[PDB]
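Asker: for now just these chains, pulled out of the complex without moving them:
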Amino acid sequence: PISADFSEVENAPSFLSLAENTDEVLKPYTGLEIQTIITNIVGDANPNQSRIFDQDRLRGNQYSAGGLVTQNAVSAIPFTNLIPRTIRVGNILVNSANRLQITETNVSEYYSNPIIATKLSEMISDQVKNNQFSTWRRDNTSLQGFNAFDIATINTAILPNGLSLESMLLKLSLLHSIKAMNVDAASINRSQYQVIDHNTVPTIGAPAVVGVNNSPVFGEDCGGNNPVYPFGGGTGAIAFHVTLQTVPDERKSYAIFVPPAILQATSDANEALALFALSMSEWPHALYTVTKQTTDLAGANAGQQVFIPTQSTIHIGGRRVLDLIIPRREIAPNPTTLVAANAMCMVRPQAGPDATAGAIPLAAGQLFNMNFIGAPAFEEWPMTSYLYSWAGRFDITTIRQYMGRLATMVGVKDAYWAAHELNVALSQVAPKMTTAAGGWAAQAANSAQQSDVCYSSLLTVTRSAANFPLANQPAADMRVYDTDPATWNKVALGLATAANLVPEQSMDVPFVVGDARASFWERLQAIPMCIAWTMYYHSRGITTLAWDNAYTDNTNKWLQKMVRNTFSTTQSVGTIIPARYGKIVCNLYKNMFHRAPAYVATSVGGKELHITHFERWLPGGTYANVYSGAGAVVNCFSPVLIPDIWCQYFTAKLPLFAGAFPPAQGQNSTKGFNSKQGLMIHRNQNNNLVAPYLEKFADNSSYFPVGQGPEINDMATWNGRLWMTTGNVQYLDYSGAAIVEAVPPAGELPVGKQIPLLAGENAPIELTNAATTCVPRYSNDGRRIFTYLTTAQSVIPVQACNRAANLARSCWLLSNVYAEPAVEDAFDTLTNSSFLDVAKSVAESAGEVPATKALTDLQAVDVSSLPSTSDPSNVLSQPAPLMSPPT
Amino acid sequence: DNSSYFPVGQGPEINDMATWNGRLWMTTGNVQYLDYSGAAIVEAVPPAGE
Amino acid sequence: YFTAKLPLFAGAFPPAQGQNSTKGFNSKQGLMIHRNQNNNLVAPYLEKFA
């Protein structure tokens, strides 16, 4: 919140107060929290009616330090998911000179909620045991038309991990994020196309066209009409089956049953099959492309401009070949001939409306010839082309309906919301800041600096070094959970369940799915993530070069622990453990925004720990820096990516060191802190250098002692900002010597990105659009960093710390409002009771059927011999169930 | 708040009498199906009066 | 400037005083914004009968 008087900044909460862990439960951050402030919309409304094409800026009056008032000043939204692939130069569209951004994931099995066999599987085992008294081969009922021997094999040897569903739901949310772009322009912000290319102006008159494998440069059309994997460079295989017996022996252990709860629609069922095939294979299967009509700043030149979505570049390794087992239409003997097999399909697979070339060409609408016993030749298709043909037909409303049918088998609300959080964390991206004196700056068009970019975590994104397909693989950026086919098979049929797998009474998905407003919201959810990470890095004074080398440094020992505990590299009792200091950022988010991040569970010996997206990053990336006006790098600062008005205008509570400078009000303007706060001024041998009041330990260190670093003090950081915010500071040593790190040209600070204005807008003035809170303190070689003024330049600021004088600073002219976290149809009121009881019954539906053990017992030869009597089912202990105990 | 566009997540309410008045306007010879501004709707329409 | 008492609708705009300058009225006063079929036109909070 913005301070109105110095009394408000002086009474702001300390940083340690906000990093305490909190116990209360909290609602999710939906992004409407920002929408109420930066837009007209007050209640639910048609996105097309609202023209949210023009709702993409912070706006407001600004006050200058000289006493003039600027009206209709603006600041751009920092994030976007679009990477320009053609760029404007000299008012003419031209191709990109820079290689594309890429992301890599770590994917592994981990323990989840403990799992248990259902009543129905106890039924199946009873059927086998009662059969054993006979000469007859029919062991058990064949569930949902699948072969009874297959139910017999699926119902055996369960894993103790539990099941996750995370990678699946990620692939589905990445694709939803990509197709969301395809709606009309009135519902997408202009700013999203010009976060990187600030010289282009998108036209409102046509919707953007999403396509596949089209890019002009660097071999980014991964085969074109003859598709191959963007990373592997190969091609997959996909084969369909009625029974497991036809699956080749080399890969019968990898097969996946396709549940018939999906495919229940009158239409779009073959499409549902293609989509389910997409959610369990490797991603990306192709490079998607957004194409939008755009024009020059004058609106003269016009053309189709090419963009690559970030979601289409992030790699999630999975299976390349796969085998799906289609539901049977009626219980029957397995087919021995082709016609018997084709006639027997519930949904018969076919190619989508888009022809492909190469070996095994696919015609649009082409049907598959089912595999069967005694078949002369095994049949299969390349998978990259099968996913290619349907790729242009997927859209948001169908993914919503699919996901809604999926909802009725298993819980998918929280899991999807978590995978969506991960989507937003890996996809929204901002360009690096430029230093300046004034309010705006940008790098040269079609330059390496223009396109260099960063995560909400202040880490730079790696680039490709060669033409697609990529011969080699980048270090992983983040670790996600995998979904095992075996336990998937057990759960899809009702043989097993766990607390995270329970169907939910809503029978419905998160609000973000199926909306045309989704891109705007995802763009707005990245903001809090950066606010929390920047508070994390700016609470301490380490410079970007020192982070950049911290992991291996042996100059200091504390810097190493500091780097090492910010990432996830610990495990215990077979499962993943969250980064030890990511919990601090998680704590900060809750205390500052009064909301709760989405989390998954991990079981450690049976105890549940929560893991948010903050705790799962991996070491190896480079930290964000800022460039000079000429494009030279600047190392001296703490990492930064966004201007601090975003931090301080969208919080309920903020640490004291980061607050805004208060408005002029008659005599009183700005104020500092002195020896009455326990601070002290630093002087050296040189009489023409002065540094502010600082912590008392600062007098007795020029190098930090090994095993120790700079402390949290909010007031000293405050005076550090007051010194920097004068236009003439020196970033120096205890003795007044130059530090090893590169420093900006004098008096400059990093500032936010420039975008073209609308009529009536003004550019931001002075330091009203700049990071300020990045006060350096820890040099790479272990020296302290000081901010010096000359004596004459020193007098007014020191008296201002003494509160005898006043400093003059610019501010936004804005008030504080932070909203509370917060529909029945007539038909819903008509049916509310029946919905209330049926929803309650579905929660226990599990593998349940009305028949009890007491009925089935009457049908048995011997009740005592039944495995259900001698082994009643229990939840599995972790990591392993007891085996061969000492009697 | 649904005078020209319905809010996302809401639709027209059940009101028997307005539907009745709409039948009265329709049973007159030359009804015209337009929007709030009096502009053409996207749906195909019957030749006039039918 | 020459009244002892004046109706609320007619008062002067208040002076700038640090952060705070001028202020309006919203749905918490019982008002509502008006929107039409055209997305590039906006009118203030107004009475609900409007």
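Answerer: That came through fine. Residues are numbered from 1 along each chain as shown, chains lettered A, B, ... in the order given.
Asker: quick one: name whatever helix or strand follows the longest helix anywhere in chain A.
Answerer: Ranked by residue count under DSSP state H, the longest helix found in chain A is helix A:518-538. Where DSSP states H and E defines the elements, the next helix or strand beyond helix A:518-538 is helix A:544-549.
Asker: shouldn't residue A:124 be within a strand?
Answerer: No: secondary structure assignment (DSSP: H, G, I helix; E, B strand; the rest coil) places residue A:124 in helix, not in a strand.
Asker: that one: neighbouring residues, count only.
Answerer: 22 (other CB atoms under 10 Å in any protein chain shown). Just so you know, the C-beta spots here come from the backbone N, C-alpha and C atoms, and that holds for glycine as well.
Asker: wait, it touches residue A:150, no?
Answerer: No: using CB atoms under 8 Å as the test, residue A:124 is too far from residue A:150 to be in contact (11.7 Å).
Asker: returning to that earlier point: which secondary structure elements does the longest helix of chain A contact?
Answerer: helix A:32-38, helix A:166-179, helix A:413-427, helix A:582-593, helix A:644-648 (3 or more CB pairs under 8 Å, 6 or more residues apart in numbering or on different chains; DSSP states H and E).
Asker: and residue A:831, how far from chain B?
Answerer: Going from residue A:831 to chain B by CB to the nearest CB, to the nearest Å gives 14 Å.
Asker: how close does that residue get to chain C?
Answerer: 31 Å.
Asker: coming back round to it: put the alpha carbons of the longest helix of chain A into PDB.
Answerer: Listed next in PDB are the C-alpha coordinates belonging to helix A:518-538 (Å, rounded to 0.1, in the frame of the first residue of the first chain):
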ATOM      1  CA  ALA A 518      -8.000 -16.800 -19.400                       C
ATOM      2  CA  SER A 519      -5.000 -15.200 -21.000                       C
ATOM      3  CA  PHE A 520      -5.500 -11.900 -19.200                       C
ATOM      4  CA  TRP A 521      -5.800 -13.600 -15.900                       C
ATOM      5  CA  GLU A 522      -2.800 -15.800 -16.400                       C
ATOM      6  CA  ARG A 523      -0.900 -12.700 -17.300                       C
ATOM      7  CA  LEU A 524      -2.000 -11.200 -14.000                       C
ATOM      8  CA  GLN A 525      -1.200 -14.100 -11.700                       C
ATOM      9  CA  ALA A 526       2.600 -13.800 -12.300                       C
ATOM     10  CA  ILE A 527       2.800 -10.400 -10.600                       C
ATOM     11  CA  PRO A 528       2.500 -11.700  -6.900                       C
ATOM     12  CA  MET A 529       5.100 -14.300  -7.600                       C
ATOM     13  CA  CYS A 530       7.700 -11.600  -8.500                       C
ATOM     14  CA  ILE A 531       6.600  -9.400  -5.700                       C
ATOM     15  CA  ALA A 532       7.500 -12.200  -3.300                       C
ATOM     16  CA  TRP A 533      10.700 -13.200  -5.000                       C
ATOM     17  CA  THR A 534      12.000  -9.700  -5.200                       C
ATOM     18  CA  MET A 535      11.200  -9.100  -1.500                       C
ATOM     19  CA  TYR A 536      13.200 -12.300  -0.900                       C
ATOM     20  CA  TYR A 537      16.300 -11.100  -2.800                       C
ATOM     21  CA  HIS A 538      16.200  -7.500  -1.700                       C
END
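Asker: also put chain D in, sequence below:
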Amino acid sequence: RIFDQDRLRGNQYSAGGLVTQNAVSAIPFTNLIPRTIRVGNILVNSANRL
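Answerer: So that you can see how it sits with the rest, here is chain D on the chains above:
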């Protein structure tokens, strides 16, 4: 360096509403009487009695 500590310093506010920064006022007193004086950028002797 009290060589440079010889002025009143501070921001000033104007009646027209602009803010001047780093404004100064000299200390009025001294004990030194100049005996050579600068004229035309060149040092020269004093014309005035002590």
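Asker: ok, back up a step: what angle do the longest helix of chain A and helix A:714-724 make?
Answerer: Here the directions of helix A:518-538 and helix A:714-724 differ by 100 degrees (axes from the mean of the first three to the mean of the last three CA atoms, to 10 degrees).
Asker: give me the residue from chain A nearest chain D.
Answerer: residue A:687 (3.9 Å; CB to the nearest CB).
Asker: burial count for that residue?
Answerer: By other CB under 10 Å, the residues close to residue A:687 number 13.
Asker: I'd like to know how many residues surround residue A:714.
Answerer: 20.
Asker: for it, list the residues it contacts.
Answerer: A:12, A:14, A:15, A:655, A:656, A:657 (CB atoms under 8 Å, 6 or more residues apart in numbering or on different chains).
Asker: try 7 Å
Answerer: A:14, A:15, A:655, A:656, A:657 (CB atoms under 7 Å, 6 or more residues apart in numbering or on different chains).
Asker: check the contact between the first one and residue A:654; I expect there is one.
Answerer: No: contact status for residue A:14 versus residue A:654: not in contact, 10.9 Å apart, counting by CB atoms under 7 Å.
Asker: who has more neighbours out of those two?
Answerer: Neighbour comparison, residue A:14 and residue A:654: the larger count goes to residue A:654, with 25 against 14 (by other CB under 10 Å).
Asker: report how many residues lie close to the nearest residue to residue A:709 once chain neighbours are set aside.
Answerer: Closest residue to residue A:709 apart from its sequence neighbours, by CB to CB, 6 or more residues apart in numbering or on different chains: residue A:558 at 4.8 Å. Burial of residue A:558 is recorded as 17 neighbouring residues (other CB under 10 Å).
Asker: swap in the one 10 residues further on?
Answerer: Counted with other CB under 10 Å, the neighbours of residue A:568 add up to 22.
Asker: for the one 3 residues further on, same thing?
Answerer: Residue A:571: 12 surrounding residues under other CB under 10 Å.
Asker: let me see the contact set for it.
Answerer: Here residue A:571 is in contact with residue A:577 (CB under 7 Å, 6+ apart).
Asker: got a list of what residue A:183 touches?
Answerer: Listed by CB under 7 Å, 6+ apart, the contact set of residue A:183 reads A:207, A:516.
Asker: switch to 10 Å and redo it
Answerer: Residue A:183 makes contact with A:47, A:48, A:207, A:208, A:395, A:396, A:515, A:516, A:517, A:518, A:519, according to CB atoms under 10 Å, 6 or more residues apart in numbering or on different chains.
Asker: do the same with residue A:249
Answerer: Applying CB under 10 Å, 6+ apart, we find residue A:249 in contact with no residue.
Asker: what does residue A:661 give?
Answerer: The contact partners of residue A:661, taken as CB under 10 Å, 6+ apart, are A:2-3, A:6, A:9, A:65, A:669-671, A:721-722, A:725, A:767, A:772, A:807-811.
Asker: ok, which of the residues you listed also contact chain D?
Answerer: A:65, A:669, A:807, A:808 (CB under 10 Å from any CB of the partner chain).
Asker: with that, I have no additional questions.
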